[PDB]
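Visitor: Only the shape, not the letters, is given here:
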């Protein structure tokens, strides 16, 4: 079962890079909503 | 007396044996291909 999860692990390696670069990009989106007089971020 | 008897004839081709001949050959090559890469069925699981 450890080497049947390898045939699908090519699909998970590229997926976790989209989850890495969408959370980086969301982090620069949160960085610019700070200077927008939003009183949530306090 | 064949017009009152002799059963009813079947137009039967034995392609079910010919379908098994190719399927037994498709299993053989997929095994043979697995050996030449060194990636067995136990390697894929």
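Guide: Here it is on my side, so go on. Residues are numbered from 1 along each chain as shown, chains lettered A, B, ... in the order given.
Visitor: count of neighbours near the residue of chain B found nearest chain A?
Guide: Nearest residue of chain B to chain A (CB to the nearest CB) works out as residue B:45 at 4.3 Å. Heads up, the C-betas are built off the backbone N, CA and C, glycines and all. The burial count assigned to residue B:45 is 12, neighbours taken as other CB atoms under 10 Å in any protein chain shown.
Visitor: what do you get for residue B:34?
Guide: By other CB under 10 Å, the residues close to residue B:34 number 14.
Visitor: May I ask you to confirm that it is in contact with residue B:41?
Guide: Yes: if you go by CB atoms under 8 Å, residue B:34 and residue B:41 touch, sitting 6.7 Å apart.
Visitor: How about the contacts made by the residue of chain B closest to chain A?
Guide: Counting by CB atoms under 8 Å, 6 or more residues apart in numbering or on different chains, residue B:45 touches A:1, A:3-4.
Visitor: Throw those residues into JSON lines and include secondary structure and distance to residue B:13, thanks.
Guide: What follows is these, written out as JSON lines (DSSP: H, G, I helix; E, B strand; the rest coil; distance: CB to CB, whole Å):
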{"residue": "A:1", "secondary structure": "coil", "distance to residue B:13": "44"}
{"residue": "A:3", "secondary structure": "coil", "distance to residue B:13": "43"}
{"residue": "A:4", "secondary structure": "coil", "distance to residue B:13": "40"}
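Visitor: Top of the residues you listed by number of neighbours, please.
Guide: In terms of neighbours by other CB under 10 Å, those top out with residue A:3 at 13 neighbours.
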